[PDB]
Amino acid sequence: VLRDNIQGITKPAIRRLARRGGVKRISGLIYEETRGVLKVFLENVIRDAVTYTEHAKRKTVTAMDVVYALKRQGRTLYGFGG
Amino acid sequence: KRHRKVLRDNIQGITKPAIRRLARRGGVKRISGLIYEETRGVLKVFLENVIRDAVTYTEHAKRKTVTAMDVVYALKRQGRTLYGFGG
Amino acid sequence: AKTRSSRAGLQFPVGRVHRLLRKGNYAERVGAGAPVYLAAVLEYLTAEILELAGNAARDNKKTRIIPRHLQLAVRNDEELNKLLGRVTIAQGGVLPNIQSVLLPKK
Amino acid sequence: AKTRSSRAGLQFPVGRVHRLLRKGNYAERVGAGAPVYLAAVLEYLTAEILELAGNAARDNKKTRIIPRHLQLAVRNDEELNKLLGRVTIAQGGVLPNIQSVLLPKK
Amino acid sequence: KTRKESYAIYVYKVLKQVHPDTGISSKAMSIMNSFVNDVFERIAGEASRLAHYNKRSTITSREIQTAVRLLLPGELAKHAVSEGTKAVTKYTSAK
Amino acid sequence: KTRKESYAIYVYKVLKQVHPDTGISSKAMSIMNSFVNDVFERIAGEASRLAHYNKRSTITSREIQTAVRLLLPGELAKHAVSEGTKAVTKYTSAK
Amino acid sequence: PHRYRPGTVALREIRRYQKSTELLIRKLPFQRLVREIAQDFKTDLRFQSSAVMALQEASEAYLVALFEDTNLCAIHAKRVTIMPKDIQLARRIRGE
Amino acid sequence: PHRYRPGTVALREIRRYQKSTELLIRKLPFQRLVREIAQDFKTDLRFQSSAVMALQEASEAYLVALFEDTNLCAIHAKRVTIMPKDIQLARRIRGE
DNA sequence: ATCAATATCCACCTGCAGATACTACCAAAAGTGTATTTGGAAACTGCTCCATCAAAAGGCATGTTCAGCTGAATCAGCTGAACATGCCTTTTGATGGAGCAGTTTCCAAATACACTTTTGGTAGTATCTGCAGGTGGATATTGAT
DNA sequence: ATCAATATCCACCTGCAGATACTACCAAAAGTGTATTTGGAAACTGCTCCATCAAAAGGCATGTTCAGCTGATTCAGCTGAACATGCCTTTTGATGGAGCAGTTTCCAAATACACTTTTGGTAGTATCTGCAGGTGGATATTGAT
Ligand SMILES: [Mg+2]
């Protein structure tokens, strides 16, 4: 059964995040909207992450690449180096 | 040196008319009565933050005079970069 | 004698941009093409914003660019707007914009 | 011969800090007292965090600090929260909080 | 009596290239001077960290280039890289 | 093969000073390392800028102090500053 | 006797104020507020005129941007009237 | 033949998940979405395991925090059901 | 519509202060030409750890059922806009003096070696334990009646 | 209320993945000793622009009057939560090898320095000009009706 990767981010999973976010009741239109939102997040981060990679003349995205991308997106993440 | 008049309650100098003009430029049509005091409070916090950093730059440069550069640096620190003053 | 700017076909000062890269301690050494590239880039960006502000001066029947024109320029333009997402143009004003629901009748 | 850290009463490595300053391109020159002051400050902030994650590990019948403990220590502390307000602690979760309006009719 | 530097003359040149009959007020100019400076710092700074990340002690035209790519959005990035490469090329060949 | 420098050991010592019967996971240590690096950078960066503003070639403890004041919320700054000043004195009152 | 309907002068004002760039707070009043607040931090300070001026530009820009956000917040809640819970909501979301 | 009322379970879920820190997206689907997206910038790329882990912690934290704000926008509207408009409003006010 | 009061517009019209000019100058750039040092691409390669496949492990997808939440409609109270009225405080232009900023002197403190002493990182290997994941029955929370 | 169905919680057992421990060990920071360089506090002072003041030119504070907006009330419908049912995707683990990362090499390109030349800023004194602010006179919007 073929199915887009983005649809791999499932209603329950989305629902689980909302729950951790303290969300009680969820319009069924949310799930698509959330997928749009996560795509743009990843798009933004990976672009920069890669731009680092590429700059290093590498073929592998190191965690550092990601950590540095997040940092400049203003989404600093502790724990994976840096 | 001889006297300088005590400064108090100057937040009230941000009058209702002016707050309302700012709100117009901000595209606001109707304004609840309570807004004016909220805005005064909100501005005050804004200014305390900026001036605190500006004054820190001033003291550090061992000066008695707060300079545009002092303010400009302070706004940058707070991610409110300002063009037009030496920025 | 020929300026590094003229060697590079740039209006922007490559000497300066070099001097400035050194003095700001961004790294131990600053390569020879570094100021060239960056002076170009700056020159470009300024051309691009001079261009659109010029237009805005024109649309308001004015010969001289004032801050409102850079504001109009920048805020009417997806990309410059983003580049200056966290920047305040003194005396800029805002884009004329009023929300639907706030208009009279229906 | 004695270390600068001990010369100062510190666990944090002055010499290291000193090195990291120079090889970091912050200025041409780095004074003698700078690595000390800095290292003192980094020690202090480390103390303050461990202090509180320490308690938070205890308060949950544990004796190993995991990330969650740090997350609780930070987000329950108003100033640490501000200072790390734009930082994500990996595997830290969120604070237990439910908006009251969502609570059932009591 | 120390002099204060500014990009005013160069800004004025480029304004003449794009809009020959158009003026710039000194306030607007100050704003322009701010913008060059701001963009200068932003790019140079992105480049500084780039070099450091890669344990390289030199900022070359290649570090500027990536910095530009990280910093600027889409079509401005593309165009800026062009203009930047074009000038290096022409400068290298001039010597 | 290469060396992998980290504040892990010092974090530990301090931990032991404060919570002698308490341990810390691999990942919690990583976070703590990230945090010291982060704070190191923020402070060092701010002091960097301070010198440049004042056309000074050197980063002294005066700059570290002012930096700390700018970076840290009210009380956290207060403590940090005393902690810093102390460590400097204790080092100067040492042969 | 003539009378414009409530809202109609408001829109006049909006058009007027979005069209211009002049500072909207009075200079002197604003300056004393800066001096009050500064004075409470350090006494015997002086200000370059342009420092106050910078402060004023920075502040009116901050407030206006906050009034757009506030406005959207009122309109989300199906009102046309801004009230403090809108301002308060905008500031939390922003993270202030 | 027993049935929990609408909402009761929802909370139970909340307390449980606010209690925990496990990632809530399933690692594989996530990893593919990364690689799919990554491809758009460079072809044939290899990802460190921890890099893909970084992106997950990053992403989920971001969405959970987004949901809190979304939630507050719903509650601002005098609702308890979050809807796309709530998200759009959160995002607009954050500056995204 | 029909009318009128008020706002909006714009086109022409001096007054000037803001911009553009030029000449004369000079300090500090910036360029230029050997002299000497090294950061890093290039070439060569050991070894992680990343891709990938195969065995084992449970959740997510769908459909049926209805509780209760959202939004529409109605509405009355009362809040916020518009505007007249009374009148004071902000703005703006001119005049000594504080302080900032430009010298210049110089020593206390930083950099530059170089050479000795250790510490912190790896790792190899051994050794230890905190807790995660069960269990069991005890108790707590929700909802039907 | 109670009853019972389901959820949570707290006492106890234990295997092992994760964390502690050790010592070889050994390069590489870090400390120490002496020679060399320079940065920026000090004492002095020119000069700007800040604080302060009187003159004159607009905008705020306040009360009144009511349009119309907010929020309360009611409510009918669809929409999302809960939960049944089997059913396919993810997770976990072992296994060559791709490529990052270690290492030595030597040269294009860097810093360093000294002298020559050019340019960009200012300053004193210049005449030029876009346009803000005013006028009056033509047209549009608004709200009573
Ligand atoms: Mg006071």
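A, B, ... follow the sequence lines: proteins, then strands. Residue 1 opens every chain.
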- On DNA chain J, more 5' by nearest nucleotide between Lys55(F) and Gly7(H) is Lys55(F)
- Using a 4.0 Å heavy-atom cut-off across all strands, classify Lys19(H) as base, sugar-phosphate, or nothing. sugar-phosphate
- Do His76(H) and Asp86(G) have a side chain donor and acceptor closer than 3.5 Å? yes
- Message: If you compare every side-chain N and O of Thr2(E) against the phosphate oxygens of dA101(I) (OP1, OP2), does one of them come in below 4.0 Å?
- Response: no
- Query: Contact class for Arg22(D) (heavy atom, under 4.0 Å): base, sugar-phosphate, or nothing?
  - Reply: sugar-phosphate
- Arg7(C) CZ to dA30(I) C1': how many Å, rounded? 11 Å
- Message: With a 4.0 Å limit, can you tell me whether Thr63(D) has a side-chain N or O closer than that to the phosphate oxygens OP1/OP2 of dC131(I)?
- Response: yes
- Message: It should be established whether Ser27(A) places a side-chain nitrogen or oxygen under 4.0 Å from OP1 or OP2 of nucleotide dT79(J).
- Response: no
- Message: Within the 4.0 Å heavy-atom criterion, would you say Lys27(H) contacts the bases, only the backbone, or no part of the nucleic acid?
- Response: sugar-phosphate
- Query: Starting at the 5' end of DNA chain I and moving along, which residue's nearest nucleotide shows up first, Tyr7(F) or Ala10(G)?
  - Reply: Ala10(G)
- Item | Phosphate OP1/OP2 of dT64(J): any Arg3(G) side-chain N/O under 4.0 Å | no
- Query: Is any side-chain N or O of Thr65(B) closer than 4.0 Å to OP1 or OP2 of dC100(I)?
  - Reply: yes
- Checking all strands, does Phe30(H) fall into the base, sugar-phosphate, or nothing category for heavy-atom contacts under 4.0 angstrom? nothing
- Distance-only donor-acceptor test, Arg5(H) side-chain atoms vs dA67(I) base atoms, 3.5 Å: no
- Atom NZ of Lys61(C) and atom P of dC131(J) are separated, to the nearest Å, by 13 Å
- Task: Ignoring backbone atoms, test whether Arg25(A) places a side-chain nitrogen or oxygen under 4.0 Å from the OP1 or OP2 oxygen of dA81(J).
- Result: no
- Of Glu5(F) and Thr81(G), the one whose closest DNA chain J nucleotide lies more 5': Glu5(F)
- Distance between the P atoms of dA29(J) and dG102(J), in whole angstroms? 13 Å
- Write down the distance between CZ (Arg15(A)) and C1' (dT62(I)), rounded to a whole number of angstrom. 14 Å
- Inter-residue atom distance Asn54(E).CG - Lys57(A).NZ, 0.5 Å rounding: 9.5 Å
- Message: Using a 6.0 Å distance limit plus a 45 degree cone around the ring axis, check whether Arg58(A) lies over the aromatic ring of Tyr52(A).
- Response: no
- If you pin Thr67(B) and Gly23(E) to their nearest nucleotides in DNA chain I, which one's is more 5'? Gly23(E)
- Sugar-phosphate only, base, or nothing, as touched by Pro29(H) at under 4.0 Å among non-hydrogen atoms: sugar-phosphate
- Message: Taking only the P atom of each, what is the distance from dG39(I) to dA28(J) in whole angstrom?
- Response: 16 Å
- Query: Hey, does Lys62(C) reach any base, or is it just sugar-phosphate, or nothing, if we go heavy atoms under 4.0 Å?
  - Reply: sugar-phosphate
- Kindly say if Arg4(D) contacts the phosphate of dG31(J), meaning a side-chain N or O under 4.0 Å from OP1 or OP2. yes
- Is there a Watson-Crick or G-U wobble pair between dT32(I) and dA114(J), both distances under 3.5 angstrom? yes
- What's the CG-P distance between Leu103(D) and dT141(I), to the nearest Å? 14 Å
- Query: Between CG of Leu20(C) and CZ of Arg22(C), what distance do you get to the nearest 0.5 Å?
  - Reply: 11.5 Å
- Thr58(E) side chain near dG40(I) phosphate (N/O to OP1/OP2, under 4.0 Å): yes
- Task: Tell me, yes or no, whether the heavy-atom count around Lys19(G) atom NZ, taken from other residues, nucleotides or ligands under 6.0 Å, exceeds 12.
- Result: no
- Can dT74(I) and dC75(I) be counted as stacked under the 5.5 Å centre and 30° plane limits? yes
- Message: Base, sugar-phosphate or nothing for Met83(H)? Non-hydrogen atoms, less than 4.0 Å.
- Response: sugar-phosphate
- So what does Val14(D) hit on the nucleic acid, given a heavy-atom distance under 4.0 Å: a base, only sugar-phosphate, or nothing? nothing
- Check whether any side-chain N or O of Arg64(C) sits under 4.0 Å from OP1 or OP2 of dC131(J), and answer yes or no. no
- Query: Is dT119(I) stacked on its strand neighbour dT118(I) by the under 5.5 Å, under 30° ring test?
  - Reply: no
- Over all atoms of both residues, closest heavy-atom pair of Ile25(H) and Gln56(H): O-NE2, 3.1 Å
- Task: Would you mind classifying the nucleic acid contact of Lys95(E) as base, sugar-phosphate or nothing, using non-hydrogen atoms under 4.0 angstrom?
- Result: sugar-phosphate
- Item | Distance, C1' atom - from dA132(J) to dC60(J), rounded to whole angstrom | 26 Å
- Query: Checking only heavy atoms, does the side chain of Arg3(F) share a donor-acceptor pair with the base of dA28(J) at less than 3.5 Å?
  - Reply: no
- Message: Can you tell me if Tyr10(E) touches the phosphate of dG120(J), counting only side-chain N or O atoms and a distance under 4.0 Å to OP1 or OP2?
- Response: yes
- Query: Are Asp21(F) and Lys16(F) close enough for a salt bridge, meaning some N to O gap below 4.0 Å?
  - Reply: no
- With a 4.0 Å cut-off on heavy atoms, is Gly8(A) in touch with a base, just the backbone sugar-phosphate, or nothing at all? nothing
- Query: Are a donor atom and an acceptor atom from the side chains of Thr62(A) and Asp65(A) found within less than 3.5 Å of each other?
  - Reply: yes
- Indicate whether OP1 or OP2 belonging to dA109(I) is found under 4.0 Å from a side-chain N or O atom of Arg29(D). no
- Item | Under-4.0 Å side-chain N/O to phosphate OP1/OP2 contact, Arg35(G) with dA51(J) | yes
- Message: Using OP1 and OP2 only, check whether a side-chain N or O of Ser57(E) sits under 4.0 Å from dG39(I).
- Response: no
- Task: Sticking with atom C1', work out how far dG134(J) lies from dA55(J), rounded to a whole angstrom.
- Result: 24 Å
- Message: Can you see if the side chain of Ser6(F) gets near the phosphate of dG121(I) - specifically, an N or O under 4.0 Å from OP1 or OP2?
- Response: no
- Query: Just how far, in rounded Å, is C1' of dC60(J) from CZ of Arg21(B)?
  - Reply: 9 Å
- Message: When the P atoms of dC75(J) and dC66(I) are compared, how many Å lie between them, rounded to an integer?
- Response: 24 Å
- Query: Do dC49(I) and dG97(J) meet the pairing test, Watson-Crick or G-U wobble with both distances under 3.5 Å?
  - Reply: yes
- Could you tell me whether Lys2(C) contacts a base, only the sugar-phosphate backbone, or nothing, with contacts defined as non-hydrogen atoms closer than 4.0 Å? sugar-phosphate
- Item | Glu5(E)/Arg3(E) ion pair, N-O < 4.0 Å | yes
